[PDB]
Structure formats: C-alpha cells, structure tokens
Amino acid sequence: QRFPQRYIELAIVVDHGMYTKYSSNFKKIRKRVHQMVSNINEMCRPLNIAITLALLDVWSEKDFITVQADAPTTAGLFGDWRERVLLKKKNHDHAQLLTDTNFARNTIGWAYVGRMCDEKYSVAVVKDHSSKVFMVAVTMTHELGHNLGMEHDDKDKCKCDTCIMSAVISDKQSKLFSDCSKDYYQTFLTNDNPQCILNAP
C-alpha cells in the first residue's frame with residue numbers, strides 16, 4: 001500500500017427535507033445511507049482508509065439547524081450542532097449532513113479543508129443530488145477529501161479529468177482519486193497527521 005492504515009468513523013445525518021423526500025421511510029433511508037457508505041469505503045481503498053458508519057441520525061420530526069441555500073453557512077451551523085449535540089451522542093471522526101436543499105449556484109456539497117478530526121470543523125454538507133447512489137457517494141467522498149487536505153484536481157499537477165476531486169461533477173465521473181489527491185493526502189499525513197484517524201474502532 002502507498003499509504004499507512006487509517007480509519008474514519010463517520011456520522012451521517014439525514015435532514016427533514018431528505019426524510020420527507022424518501023417517503024418518511026426510515027428503513028429505505030438507512031439502506032440508502034449504508035449503500036453510500038459502502039461506496040465511500042470502496043473509493044477510499046486506494047488511500048488505505050477503512051470507512052465505517054459509527055452513527056446514523058435521521059431528523060424525522062424537524063431540522064435542528066437552518067439548512068439554507070448557502071452551503072458554507074449551513075456547514076458552519078452543522079459543525080456547531082455536531083460539536084454540541086452529535087458528538088455527545090456517540091464519538092466519531094467526521095460527520096456529514098445529507099439534504100435535498102437546492103443549494104445556491106447548483107452547489108452540491110461543501111466542507112472545511114484539512115480539518116479532519118476537529119470537533120467543529122470535521123464536517124461536510126452534501127446534497128442528495130442524484131437518484132444514483134454512486135453519484136451522491138462520490139460527492140460525500142469529495143467533501144471528505146477536502147477535509148483530508150485535498151484541493152481540486154489541477155491539470156498541470158495530474159492528468160485525471162474525471163476523478164473524485166474534479167472541481168465539478170459530471171456523468172463520466174470516475175470512482176478514482178487522482179495523483180493530485182493522493183499527493184495532497186500524503187502532505188496531510190506528513191504535516192497534520194490527526195490522531196483520531198489513527199484509532200481503529
């Protein structure tokens with residue numbers, strides 16, 4: 001393996017709009033979330049990161065934060081709620097909020113760069129932007145990548161045009177991380193090396 005073993009214990013939060021979108025059916029929602037995690041796990045295999053679902057929280061009554069059009073604003077509110085509430089329910093390394101919100105500018109996700117393990121900033125928000133599980137899981141993996149110190153792919157740095165960290169998604173989306181992404185991950189493990197992902201469950 002190019003990379004040493006790491007582990008990411010994920011918490012996935014499904015908001016009320018997404019709960020409603022999926023017929024208020026918890027079983028259906030749980031199944032979709034599991035299929036997403038199985039795809040994130042597959043996409044992270046070349047990085048040697050074992051992905052697990054530590055916690056699933058479905059907002060079946062109401063939203064606990066204001067899930068609004070600006071994704072970064074939503075992410076900040078989600079990070080606050082994740083630190084103050086979600087982390088007290090069960091410890092985990094990174095949390096993603098899934099929503100059906102029509103984020104502004106056709107945005108489909110957002111996350112803080114390089115803040116994996118941080119109590120407030122190890123989060124992402126992701127739009128359930130396709131009926132195709134794989135396409136939403138790629139976006140979850142893309143935001144996770146940013147949180148692991150990755151920036152978007154750049155043609156001068158690596159040749160992959162449709163990899164996970166492409167600036168924009170497309171139908172020919174590949175399940176692979178580019179060499180740009182792998183190099184950013186190496187830099188993150190060398191310069192940051194957060195402790196929580198060294199811990200196996």
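Residues numbered from 1 in each chain as written, not as in the entry; some residues may be left out. Heavy atoms only, no water.

- Listed as the method for this PDB entry is X-ray crystallography; the listed resolution is 1.35 Å.

1. Describing helix α3 (residues 71-89)
Argument step 1. The largest bend in α3 is about 45 degrees, located at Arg-82.
Argument step 2. What α3 keeps buried is the set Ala-71, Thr-74, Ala-75, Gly-76, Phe-78, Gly-79, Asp-80, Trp-81, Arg-82, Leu-86 and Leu-87. (Bend = angle between axes of the 7 residues up to and from the residue. Helix = DSSP H or I, 4+ residues; strand = E, 2+ residues; numbered from the N terminus. Buried < 20%, exposed > 50% of the residue type's maximum accessible area, 1.4 Å probe, protein only.)

2. Let's talk about the UniProt feature "active site" in the protein chain
Argument step 1. Mapped onto the present numbering, the UniProt feature "active site" falls on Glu-143.
Argument step 2. Mapped onto the elements, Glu-143 comes out in helix α4 (residues 133-147).
Argument step 3. With relative accessibility at 4%, the residue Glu-143 sits in the buried group.
Argument step 4. For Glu-143, the residues in contact, after removing those within four places along its chain, are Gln-96, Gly-109, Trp-110, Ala-111, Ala-124, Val-125 and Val-126. (UniProt positions renumbered as here; feature names shortened; annotations may be inferred. Contact = heavy atoms within 4.5 Å.)

3. Some points on the nonpolar core
Argument step 1. Ranked by size, the top nonpolar core spans 38 residues in total, and within it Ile-8, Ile-51, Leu-98, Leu-144, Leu-148 and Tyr-185 carry the most contacts.
Argument step 2. Sorting the residues of this core by element identifies β1 (6-14), α1 (16-21), α2 (26-44), β2 (49-58), α4 and α5 (179-191) as the ones contributing at least two each.
Argument step 3. A total of seven residues in this core trace back to one element, the largest contributor, which is α2.
Argument step 4. Counting 17 residues, the second-largest nonpolar core is a separate cluster that includes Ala-71, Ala-95, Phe-103 and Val-123. (Core = buried A, V, L, I, M, F, W, Y, C linked by side-chain atoms within 4.5 Å.)

4. Concerning the sheet that holds β1
Sheet strands associate in pairs through backbone hydrogen bonding, adopting either a parallel or an antiparallel arrangement.
Argument step 1. One open sheet holds the five strands; their spatial order is β2-β1-β3-β5-β4, and the pairing between them is mixed. At either margin of the open sheet sits one strand with a lone partner, and together these are β2 and β4 (109-111). The sheet shows a mean angle of 20 degrees between the axes of neighbouring strands, direction not considered.
Argument step 2. By the bridge criterion, three bridges tie β4 to strand β5 (residues 123-127) in an arrangement that is antiparallel. Its bridge partner lying in β5, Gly-109 is registered against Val-126.
Argument step 3. This element, α3, spans β1, β2, β3 (94-99), β4 and β5 of the sheet and lies at about 125 degrees to β5. (Pairing = 2+ DSSP bridges. Axes fitted to C-alpha atoms, helices over the stretch in contact; angles between N-to-C directions.)

5. Quick word on the UniProt feature "binding site: an L-amino acid tripeptide" in the protein chain
Argument step 1. UniProt tags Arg-105, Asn-106, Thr-107, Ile-108 and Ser-166 as "binding site: an L-amino acid tripeptide". The annotated residues that sit in the lining of the largest pocket are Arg-105, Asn-106, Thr-107, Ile-108 and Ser-166.
Argument step 2. By the secondary structure assignment, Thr-107 is in the loop between β3 and β4.
Argument step 3. With relative accessibility at 25%, the residue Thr-107 sits in the partly exposed group.
Argument step 4. The residues touching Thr-107, leaving out its near neighbours within four places in the chain, are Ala-71 and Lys-127.
Argument step 5. A distance of 3.0 Å separates the side chain of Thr-107 from the backbone oxygen of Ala-104, its partner in a polar contact.
Argument step 6. Structurally, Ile-108 can be placed in the loop between β3 and β4.
Argument step 7. Setting aside its immediate chain neighbours within four residues, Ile-108 contacts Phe-103, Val-125, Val-126, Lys-127, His-129, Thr-139 and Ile-169. (1 Å grid on protein atoms, 1.4 Å probe; cavity = no way out; pocket = protein on both sides within 12 Å on 5 of 7 lines; lining within 4 Å. Polar contact = N/O pair within 3.5 Å; in protein donor to acceptor, adjacent residues only side chain to side chain.)

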